[PDB]
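Only this structure's heavy atoms are used, side chains among them; waters, hydrogens and symmetry mates stay out. Just so it is clear: chains get the letters A, B, ... in the order the sequence lines come, proteins before strands, and each one is counted from 1.
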Amino acid sequence: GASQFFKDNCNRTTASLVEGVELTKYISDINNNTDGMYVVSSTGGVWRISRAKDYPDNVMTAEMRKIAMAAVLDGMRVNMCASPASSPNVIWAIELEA
Amino acid sequence: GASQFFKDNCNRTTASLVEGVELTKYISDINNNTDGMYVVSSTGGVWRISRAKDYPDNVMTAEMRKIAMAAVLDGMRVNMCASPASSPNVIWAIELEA
Amino acid sequence: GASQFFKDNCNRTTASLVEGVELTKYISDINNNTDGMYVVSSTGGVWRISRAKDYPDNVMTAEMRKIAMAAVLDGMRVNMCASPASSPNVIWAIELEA
Amino acid sequence: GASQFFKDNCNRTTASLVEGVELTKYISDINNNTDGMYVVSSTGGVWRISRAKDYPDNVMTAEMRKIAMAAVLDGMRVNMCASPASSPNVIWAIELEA
Amino acid sequence: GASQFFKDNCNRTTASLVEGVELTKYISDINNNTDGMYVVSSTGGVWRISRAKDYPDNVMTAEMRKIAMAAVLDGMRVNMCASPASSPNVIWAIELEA
């Protein structure tokens with residue numbers, strides 16, 4: 001389950017906590033309309049991973065992609081802090097769990 | 001099978017979807033006529049991976065190479081959205097499947 | 001157990017030595033108040049990973065993250081040199097143990 | 001076996017094709033006279049991996065290193081297209097085979 | 001053992017050849033007095049990994065880190081060519097063995 005730290009951090013924002021997601025697809029797309037990085041869960045939930053050109057968010061977003069692709073490759077769960085009502089929702093924080 | 005999101009995204013473009021591809025070779029080549037990154041499937045299909053110098057497609061294209069390489073290393077399938085306008089066809093989107 | 005080398009170095013600073021930590025969560029966050037990379041241990045300690053934009057510490061901090069994330073993926077223990085001056089405590093050196 | 005694509009591409013050059021090579025050493029060296037990345041095979045052949053500062057061969061040469069290390073780490077074979085104009089011969093293209 | 005090539009490149013003794021090393025600790029440290037990347041062997045030896053800001057040695061020193069990291073994670077042996085001019089000795093070349 002999300003650490004208490006990760007829960008509390010997400011609770012102080014308007015984004016929503018999503019716990020124990022199994023991500024099963026990892027997507028890179030450069031098509032004009034859908035240019036971005038996305039993940040899909042075992043039940044078809046789709047999320048876009050945040051991106052940032054500059055330091056220091058270019059580091060946190062690169063680490064978001066690493067977390068996302070390790071979850072897909074290794075079958076580990078993630079907890080997410082992201083939009084609740086859209087599709088795709090965007091990820092603003094992500095927790096990889098062992 | 002490709003996620004619904006990935007198929008919808010490819011359907012908005014001039015490219016074609018290829019599903020459940022087993023990639024068995026990953027190539028890097030700096031020869032004058034043959035400069036690029038490529039993948040080869042179990043069936044003999046050949047695709048060129050897109051590249052991009054600048055933000056933000058420098059991000060997506062780096063992840064396309066990670067996805068390609070992981071598919072070869074781990075034996076995971078990929079779904080591609082690939083343009084027939086060149087030869088090898090150029091990957092415009094790729095989905096790694098757990 | 002921490003190397004003597006690693007202990008002695010941390011003893012040159014105001015930080016404390018934390019040994020044999022099992023990290024089980026790896027977090028990337030870009031929300032405004034909690035922008036950063038973090039780890040959580042099996043007993044619920046939380047640390048922030050240092051960051052740096054420029055050479056040479058851009059290298060050292062990129063490896064701290066690699067270390068932290070391999071620890072979470074693979075269950076290896078880490079030793080930390082972590083300052084207790086802030087919450088969460090900031091990692092200033094880390095040692096991955098095979 | 002090398003893909004027909006990889007083989008045709010190498011045949012367009014003055015370089016030589018070397019197929020099914022087992023790499024057993026991956027070397028980084030910054031000594032004055034041998035400054036470079038090299039690989040050694042099971043039969044004692046040695047090759048120097050290409051490098052490039054500028055886009056887009058900075059991408060291709062990075063992926064060549066990733067391929068050579070993965071080969072060493074995971075015992076996968078490679079096919080190389082290597083120029084005998086210097087010694088160690090230089091890798092102008094490399095194909096990782098699953 | 002070390003490849004003949006790696007041996008011959010270290011030789012001349014201005015530097016020290018260390019063969020068959022098992023690395024069991026990998027260290028990142030940003031404290032100013034001891035800022036660097038280091039490794040610790042099973043016998044308790046400690047080395048500093050070289051660093052470099054500019055091309056092309058920024059590539060080799062990045063690969064030295066990867067090799068050091070892989071040795072610790074995976075238990076692979078390395079051979080080193082290190083300078084006895086300082087303590088810890090500085091790795092000027094490293095060979096990862098399959």
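Of all non-hydrogen atoms in A/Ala68 and A/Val39, the two that sit nearest each other are CB-CG1, 3.7 Å. Residues E/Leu96 and D/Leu73 come closest through the heavy atom pair CD2-CD2, 4.0 Å. Heavy-atom minimum distance, C/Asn79 versus C/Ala2: OD1-CA, 3.2 Å. Of all heavy-atom pairs spanning E/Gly36 and E/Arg48, the tightest one is CA-NH1, 4.3 Å. Between B/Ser28 and B/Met37, the shortest heavy-atom distance links the atoms CB-SD, 3.5 Å. When all heavy atoms are compared, the tightest approach of E/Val21 to E/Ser41 is CG1-CB, 3.6 Å.
Sorted pairs that involve residues 50-80 of chain B and meet disulfide (SG to SG under 2.5 Å), not counting sequence neighbours, are lacking altogether. Within the structure, disulfide (SG to SG under 2.5 Å) pairs that include any residue of residues 22-91 of chain E comprise E/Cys10-E/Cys81 (at least two apart or interchain). For residues 2-40 of chain E, every residue pair satisfying the ring pair (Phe, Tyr, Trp, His ring centres under 6.0 Å) rule, not counting sequence neighbours, is listed here: C/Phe5-E/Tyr38, D/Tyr38-E/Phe5. Legend: ring pair (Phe, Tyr, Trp, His ring centres under 6.0 Å) pairs involving residues 52-98 of chain E, not counting sequence neighbours: none detected.
Partners of D/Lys25 according to the side chain to side chain donor-acceptor pair (under 3.5 Å) rule, which considers only residues two or more places apart in sequence or in another chain, are E/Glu97. Not a single side chain to side chain donor-acceptor pair (under 3.5 Å) links B/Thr43 to another residue, sequence neighbours left out. Residues passing the side chain to side chain donor-acceptor pair (under 3.5 Å) test with D/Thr34, sequence neighbours excluded: D/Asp29. Contacts of E/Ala62 classified as side-chain contact (heavy atoms from CB on, under 4.5 Å), with partners at least two apart in sequence or in another chain: E/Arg65. For B/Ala52, the side-chain contact (heavy atoms from CB on, under 4.5 Å) partners are B/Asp57, B/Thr61, not counting sequence neighbours. In this structure, the side chain to side chain donor-acceptor pair (under 3.5 Å) partners of D/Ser3, at least two apart in sequence or on a different chain, are D/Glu95. Not a single salt bridge (charged side-chain N to carboxylate O under 4.0 Å, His left out) links E/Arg51 to another residue, sequence neighbours left out. Partners of C/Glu22 according to the salt bridge (charged side-chain N to carboxylate O under 4.0 Å, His left out) rule, which considers only residues two or more places apart in sequence or in another chain, are C/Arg77.
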For C/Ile67 and E/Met69: C-alpha separation, side-chain torsions, deciding distance, then whether side chain to side chain contact (heavy atoms under 4.5 Å, CB included) applies.
CA-CA 8 Å; C/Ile67 287 167; E/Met69 184 145 201; 4.3 Å; yes
Kindly determine whether E/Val72 and E/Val40 satisfy side chain to side chain contact (heavy atoms under 4.5 Å, CB included), including the steps that lead there.
CA-CA 9 Å; E/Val72 169; E/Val40 185; over 6 Å; no
B/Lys53 and B/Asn58: CA distance, side-chain angles, deciding distance, side chain to side chain contact (heavy atoms under 4.5 Å, CB included) verdict
CA-CA 5 Å; B/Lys53 187 172 59 63; B/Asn58 59 7; over 6 Å; no
Could you walk me through whether D/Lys66 and D/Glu63 pass side chain to side chain contact (heavy atoms under 4.5 Å, CB included), step by step?
CA-CA 5 Å; D/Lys66 293 177 180 158; D/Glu63 299 307 303; 2.8 Å; yes
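Separating the CG atom in C/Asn11 from the OG1 atom in C/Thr13 is a distance of 7.5 Å, to the nearest 0.5 Å. In this structure, CD1 in A/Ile30 is found 10.0 Å from CD1 in B/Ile91, a value given to the nearest 0.5 Å. Going from atom CD1 of A/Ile49 over to atom CE of B/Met60 covers 10.0 Å, rounded to the nearest 0.5 Å. Within the model, atoms CE of E/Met80 and OG of E/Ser16 stand 8.5 Å from one another, a figure rounded to the nearest 0.5 Å.
More than 12 heavy atoms of other residues, nucleotides or ligands shown are found within 6.0 angstrom of CG on E/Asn33.
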